[PDB]
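Read through the structure below, which is laid out as structure tokens, and then see the notes.
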Number of protein chains: 4
Amino acid sequence: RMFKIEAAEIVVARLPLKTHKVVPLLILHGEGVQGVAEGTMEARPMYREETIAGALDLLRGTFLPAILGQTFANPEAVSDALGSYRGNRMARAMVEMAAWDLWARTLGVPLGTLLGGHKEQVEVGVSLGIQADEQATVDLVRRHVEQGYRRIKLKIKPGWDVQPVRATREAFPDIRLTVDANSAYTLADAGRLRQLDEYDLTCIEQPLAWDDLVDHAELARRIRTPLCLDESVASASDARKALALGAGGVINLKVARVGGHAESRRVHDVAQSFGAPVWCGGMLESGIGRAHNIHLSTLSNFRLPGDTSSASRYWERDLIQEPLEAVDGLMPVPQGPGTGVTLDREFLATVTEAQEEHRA
Amino acid sequence: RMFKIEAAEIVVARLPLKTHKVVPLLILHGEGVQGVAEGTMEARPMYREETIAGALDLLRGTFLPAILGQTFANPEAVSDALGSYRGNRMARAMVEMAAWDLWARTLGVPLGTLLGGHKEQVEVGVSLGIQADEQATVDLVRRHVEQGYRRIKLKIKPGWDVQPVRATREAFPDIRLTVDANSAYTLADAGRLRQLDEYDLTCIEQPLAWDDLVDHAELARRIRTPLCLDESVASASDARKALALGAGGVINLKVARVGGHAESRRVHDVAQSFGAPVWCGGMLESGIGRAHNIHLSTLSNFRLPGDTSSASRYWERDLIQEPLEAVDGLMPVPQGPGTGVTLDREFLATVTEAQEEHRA
Amino acid sequence: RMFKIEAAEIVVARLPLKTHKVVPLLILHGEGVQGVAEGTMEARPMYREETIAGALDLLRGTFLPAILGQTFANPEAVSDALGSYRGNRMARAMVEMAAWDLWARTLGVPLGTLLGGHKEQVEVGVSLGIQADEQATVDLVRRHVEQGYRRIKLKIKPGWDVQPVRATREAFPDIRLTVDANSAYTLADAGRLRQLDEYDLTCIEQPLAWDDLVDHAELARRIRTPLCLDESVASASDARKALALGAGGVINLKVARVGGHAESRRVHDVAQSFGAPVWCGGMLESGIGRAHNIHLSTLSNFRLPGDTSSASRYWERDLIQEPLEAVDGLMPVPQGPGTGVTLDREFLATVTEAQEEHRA
Amino acid sequence: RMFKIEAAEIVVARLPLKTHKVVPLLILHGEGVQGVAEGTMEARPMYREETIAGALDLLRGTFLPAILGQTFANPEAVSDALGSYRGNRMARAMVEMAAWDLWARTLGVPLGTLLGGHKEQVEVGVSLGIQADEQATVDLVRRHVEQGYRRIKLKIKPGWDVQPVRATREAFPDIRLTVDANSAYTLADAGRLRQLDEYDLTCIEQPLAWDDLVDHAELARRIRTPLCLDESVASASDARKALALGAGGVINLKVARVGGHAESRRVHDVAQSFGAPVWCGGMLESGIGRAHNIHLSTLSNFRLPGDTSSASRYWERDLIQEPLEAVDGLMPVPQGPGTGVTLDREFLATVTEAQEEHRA
């Protein structure tokens with residue numbers, strides 16, 4: 001049957017790193033269960049355009065009143081009931097993704113299952129920041145290869161790319177290796193990035209502007225290493241436009257950046273229809289976000305290891321009662337309905353900057 | 001939660017037209033409920049390449065053995081379990097679509113709801129065959145426009161095309177009007193087809209070879225009326241390819257032709273990502289197939305009316321208890337879990353020409 | 001010479017329409033003069049992605065702190081000083097545009113003059129909403145053509161487009177006529193839009209998604225009426241990309257949408273280098289925003305009339321002392337340094353809903 | 001306020017090299033200040049098409065009478081008051097650039113500032129003529145690298161290209177290195193220039209015809225080293241056409257060749273909008289020209305070192321009172337209003353071939 005949304009809480013928590021990450025949570029209540037979801041927007045607009053002040057005002061002033069008290073058939077009907085407003089996909093994702101968790105919980109079904117996935121474990125990789133030299137780079141890869149991560153991703157920048165990559169591929173001729181070019185290059189760097197070709201990178205991630213496809217397409221003609229799009233694919237139509245333009249052959253898919261699970265599955269499916277793989281990206285999420293990610297990642301076109309590594313890697317103590325730990329580069333799907341994870345309300349209370357309840 | 005398929009029945013009915021149409025039914029038994037689906041392949045290969053003989057043989061000799069006694073999380077796992085066989089998409093669709101029905105009934109949710117649709121009714125048009133003349137054409141169109149159908153599809157051929165279109169368009173300058181060109185043309189006829197342009201057809205459906213994309217793309221550059229693809233799109237990647245090529249601006253989506261609901265969802269999603277609409281096509285289904293179609297038609301990119309009109313247009317007595325009648329061009333979604341319709345067992349027995357049961 | 005920004009005021013006004021429109025003002029204090037600019041972001045994201053909540057938070061928590069107490073050679077140095085934040089171009093524009101005003105008043109030169117414009121007056125048209133019928137449409141158009149406005153923009157939708165255009169064009173066969181298609185169409189409607197071609201519209205404005213370039217380019221190849229881009233061009237490189245793609249032949253340039261005057265100059269220059277004209281769009285500004293717009297409109301590639309008509313069309317009482325009235329489709333450039341207009345402080349106080357002051 | 005142009009002097013000086021360079025100067029007088037500028041045309045048409053006899057006749061017979069006695073808002077209004085005449089951009093630049101110097105001086109503002117730049121130092125590189133062999137080439141680079149020039153440019157010709165480049169890159173694996181192909185090659189040399197690719201040149205400058213883009217585009221497809229355009233970009237629309245054609249990815253921007261500062265900023269901005277850098281080129285200018293160049297070069301898309309090296313390198317004694325000397329490859333922006341440099345009228349008098357004064 002249909003679900004009624006009775007109440008909503010916005011909880012903003014400041015979780016200690018391992019200084020702090022501000023974790024914005026939306027909890028939707030109805031049918032005697034509750035769905036939970038995590039904002040990935042930051043206080044300032046650094047990774048992308050949205051902000052917490054902006055997203056929270058939109059939630060409490062526009063999205064929650066649109067849905068509070070209304071009865072819905074599915075999560076897609078919740079999205080559609082917002083619908084008119086422009087951009088702000090992370091903010092909408094908070095509502096859409098909590099609706100998915102709720103929906104699934106009223107049915108007793110794991111989230112991944114409802115989205116059509118059927119993996120029990122998902123493969124995971126690790127992202128390495130810039131290290132001080134070649135051997136420091138190689139020694140850190142060596143460790144991660146040893147813990148059995150299944151893809152290695154290196155941050156690179158102009159002046160520091162060919163070197164860490166050469167040194168890494170020399171030591172590790174067979175590993176799945178990618179780089180994060182982090183929007184730091186221009187077309188003038190084409191001959192420099194082309195030097196990466198001989199090292200057989202799975203891909204180079206978002207080398208040019210965060211909101212561009214056209215130039216990425218031109219770059220992709222000038223070097224043989226595939227391009228991966230991150231910030232510049234924020235919808236299924238973006239993915240369609242990207243792949244048809246040759247802007248890339250790989251997508252770093254982040255569920256919240258694109259609007260939530262429905263639209264993510266759409267991006268996933270559009271990519272598969274070009275035979276391009278996706279992987280599930282990370283945003284330093286708390287157990288709430290991490291768990292949504294793992295559930296999404298059970299879909300079949302997630303054919304490259306995702307950035308959902310062990311929570312112990314980020315937090316001394318997580319917001320959820322369950323530990324999300326990868327072993328040998330496989331992260332198990334948390335058993336249970338919906339996300340299969342559960343807030344630790346008392347621990348949460350110790351780290352809550354602010355909370356509010358909304359009703360109809 | 002998870003479901004175990006215990007038994008399967010193949011039941012072939014011969015249903016008299018208002019001489020006859022063969023209806024191959026698959027019934028899957030699991031978890032105290034059942035799933036039912038209808039084959040759309042014919043005795044002979046006239047609409048496409050599959051046949052009843054071959055499809056049934058493939059069900060009993062390969063697909064059923066692969067699933068009987070097995071346990072599954074979702075219809076996706078079912079399809080996954082069928083192996084890497086080539087083609088035979090309508091055969092696969094019988095199992096896939098029955099599994100969706102079964103799955104959804106284990107959960108007590110309507111099928112459409114689980115596919116992401118939230119429409120409570122869907123818009124329908126009708127397809128008229130060739131009339132003896134312009135006036136007979138207009139007459140027949142008139143009866144239907146007076147029934148409130150929201151699209152009229154006229155069959156055409158050389159050199160019976162501009163006439164029935166011009167006659168019709170003159171009498172009804174506002175109605176949504178398509179033609180079905182029945183793969184009866186070539187690139188040589190482009191000039192003739194271009195003459196349709198001034199009559200504001202929504203599209204010309206599949207005028208060239210049934211399995212072609214490339215010539216269609218060439219034809220689309222020569223005339224202004226959008227083309228609509230049918231036989232040519234049997235999967236989400238065919239859809240991708242069609243639309244990237246410019247082979248069509250519209251797809252006629254037939255759930256069983258593409259392998260079933262999940263793949264249909266994807267086709268529909270790939271279209272929408274190109275800004276191409278779909279509609280739900282028909283294959284003279286009994287109420288089983290028809291209920292399946294109606295559910296699928298609730299997804300939001302079915303923005304053009306479906307070939308999904310009234311049961312009583314085709315059959316004095318349908319195989320289900322529920323009436324599926326459209327009023328004023330609107331088909332209501334049949335209520336209840338899964339497909340919302342129920343076999344009339346007694347009546348079905350009177351028209352059964354074969355049946356078998358398979359177990360683990 | 002160089003200028004030091006000492007203080008900043010954010011003053012939010014609620015100005016009654018001739019119910020209301022919120023006007024966020026930024027006032028920068030330096031070197032004995034002040035600079036004033038008006039935000040064009042709304043309470044909610046309806047025209048675009050930014051919101052008042054998010055923009056103000058970004059001003060007080062990031063942009064103002066970055067500038068207060070600092071010394072600058074030009075508005076360019078100011079923008080440069082704001083960091084690499086993503087998006088939020090209207091927020092940036094408040095600071096950028098206030099800095100231009102401040103800068104120009106330290107020099108005693110009119111703003112337009114410093115941007116390279118030398119026109120003493122600019123041409124303006126108006127935008128009409130949807131009328132109940134053809135005759136009401138013509139009527140409303142008639143009142144404006146009799147005011148001497150040099151372009152008439154009609155809002156359109158399916159299926160209210162060809163009628164008001166044909167009605168209007170029949171009554172006024174000579175007037176410059178555009179439509180605003182309000183992102184309410186898809187590639188499917190191309191045939192419908194093509195029917196506008198024979199009515200010699202100067203352009204069709206943004207008929208597809210608000211953030212799209214690629215589909216627009218495809219649509220432009222299907223119809224002869226130029227397309228004009230609005231929401232889709234938020235910077236000089238977007239403009240480059242739009243025009244290289246063939247996404248439009250005309251850009252509707254909104255100074256704040258692109259991040260301010262310098263970037264507007266550049267957008268205008270990039271257009272002109274492709275032989276594409278621009279015009280100055282509007283966002284229901286008070287006299288502050290409107291004066292900013294008029295100044296910018298003096299540059300030589302604003303070759304099509306701007307959405308910049310009379311203050312008294314919108315407000316019984318504007319926030320500035322000076323009248324900004326157009327006669328016969330000509331808006332005179334308001335005299336004096338910077339923007340040439342002056343806040344009516346007493347009146348502003350009566351409509352102020354918030355204010356804060358920031359210092360070093 | 002506006003400026004009135006009262007008088008103009010044309011002074012032609014023969015400055016001793018270090019036999020002579022003919023230096024044509026225009027001095028515009030008004031508002032009690034004066035703006036000065038330097039012709040870059042030569043007695044004969046060698047670098048480009050204009051000549052001194054031609055340009056001076058145009059100045060005294062057409063441009064000065066157009067502007068003498070007239071009052072203007074800005075330099076752009078001065079350009080526009082010429083406007084009808086075709087080509088002759090260096091001649092127009094003399095008027096346009098002196099107007100900029102004047103304008104800025106009536107305001108008390110450095111020229112670069114008014115054009116929106118805010119660098120205090122600009123980076124500089126050195127151009128090397130053809131040397132007799134590899135080591136003579138390497139020994140001269142070594143010197144310049146040591147004086148800390150930030151880019152090295154080698155003249156090359158057929159028969160002498162791969163060799164000096166190989167020998168240079170061997171000795172200097174990391175330096176920013178370019179070549180001047182000086183319009184001396186043809187498409188038949190494509191395989192030969194392709195041999196430069198492995199040496200990671202920042203670019204190859206104007207390899208084919210001085211007035212061509214189309215062939216340069218074809219060449220750019222055949223080799224991986226980027227092309228830089230010099231003579232063939234004489235306007236903002238040229239730059240737009242060049243970059244959109246793939247004729248090059250870099251522009252050698254010479255202020256006078258393109259018409260002066262406004263149009264230069266336009267070329268600068270068009271390039272930036274393709275993410276292509278420009279640099280400021282040289283013409284053996286006297287302190288007058290050199291100073292205009294340095295002021296222009298403070299703009300942000302001048303991201304490659306310019307050819308404005310130390311004046312002591314060219315003249316035993318310069319026309320201006322101020323020394324323009326680069327130290328460690330940084331050239332400081334001369335402080336002061338306008339160009340920040342000042343004629344030495346008495347020294348000038350010693351080297352004047354001819355002078356004239358014009359009034360209204």
Side-chain angles (χ1 to χ4, degrees), chain C residues 10-28 35-44 46-48 50-52 55-56 59 89-101 111-112 115 122-127 129 149 153 180 230-231 234 252-261 263-264 278-298 302 305-326 331-334 336 338-344 347-348 351-353:
Chain C
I10 298 174
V11 178
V12 184
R14 180 165 293 265
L15 192 57
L17 279 155
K18 189 146 181 145
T19 351
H20 303 258
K21 150 71 149 58
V22 199
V23 180
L25 307 183
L26 186 64
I27 308 174
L28 297 182
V36 194
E38 163 178 348
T40 59
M41 74 293 298
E42 312 145 291
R44 292 163 170 80
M46 292 153 339
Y47 165 80
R48 234 177 176 275
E50 292 174 71
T51 62
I52 288 186
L56 296 188
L59 281 194
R89 272 174 174 295
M90 288 176 189
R92 299 177 164 264
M94 297 184 58
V95 178
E96 208 270 348
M97 301 179 54
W100 272 107
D101 187 23
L111 168 63
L115 295 165
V122 304
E123 305 199 321
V124 294
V126 278
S127 316
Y149 283 118
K153 180 195 304 196
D180 187 0
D230 182 343
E231 288 96 323
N252 167 180
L253 178 36
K254 290 177 180 163
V255 60
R257 194 193 61 231
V258 301
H261 285 294
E263 186 79 0
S264 294
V278 298
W279 45 261
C280 185
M283 294 286 304
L284 255 90
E285 294 92 334
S286 73
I288 296 302
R290 195 178 305 269
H292 273 272
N293 288 356
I294 295 169
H295 274 89
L296 170 66
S297 288
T298 64
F302 285 82
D307 293 331
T308 263
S309 48
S310 302
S312 78
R313 285 185 77 255
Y314 310 97
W315 324 109
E316 298 171 319
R317 187 148 169 182
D318 195 359
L319 296 169
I320 52 169
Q321 332 205 12
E322 302 84 351
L324 297 182
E325 305 290 313
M331 183 57 89
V333 182
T339 62
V341 290
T342 324
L343 278 193
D344 185 328
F347 176 65
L348 175 58
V351 291
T352 283
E353 73 176 20

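Naming convention: chains lettered A, B, ... in sequence-line order (proteins, then strands); numbering from 1 in each chain.
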C:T308: side-chain contact (heavy atoms from CB on, under 4.5 Å) partners, not counting sequence neighbours: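 Listed in chain order: C:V124, C:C280, C:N293, C:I294, C:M331.
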For the [atom1] atom of [X] and the [atom2] atom of [Y], what is their distance to the nearest 0.5 Å?
| X | Y | atom1 | atom2 | answer |
| --- | --- | --- | --- | --- |
| C:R317 | C:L348 | CZ | CG | 10.5 Å |
| C:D344 | C:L319 | CG | CG | 8.0 Å |
| C:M90 | C:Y47 | CE | OH | 5.5 Å |
| C:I52 | C:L56 | CD1 | CG | 6.5 Å |

Evaluation steps, side-chain contact (heavy atoms from CB on, under 4.5 Å), between C:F302 and C:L253: CA-CA 9 Å; C:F302 285 82; C:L253 178 36; 4.0 Å; yes
C:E322 and C:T342: side chain donor to acceptor below 3.5 Å: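 Yes, C:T342 and C:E322 have a side-chain donor paired with an acceptor closer than 3.5 Å.
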Shortest non-hydrogen contact between C:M97 and C:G260, atoms and distance: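 Shortest heavy-atom separation between C:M97 and C:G260 comes out as CG-CA, 3.8 Å.
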What pairs with [X] under salt bridge (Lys or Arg N to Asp or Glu O under 4.0 Å), at least two apart in sequence or on another chain?
| X | value |
| --- | --- |
| C:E38 | C:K21 |
| C:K153 | C:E205, C:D307 |
| C:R92 | none |
| C:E123 | C:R150 |

Any residue meeting ring pair (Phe, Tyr, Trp, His ring centres under 6.0 Å) with C:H295, in chain and number order, not counting sequence neighbours: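 Once residues adjacent in sequence are excluded, C:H295 has no partner under the ring pair (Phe, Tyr, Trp, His ring centres under 6.0 Å) criterion.
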Side-chain touch C:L343/C:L25, heavy atoms, less than 4.5 angstrom: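 Touching, per the 4.5 Å side-chain cut-off.
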Parallel, tilted or perpendicular: rings of C:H261 and C:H292 (30°, 60°):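 Plane angle under 30°, so parallel.
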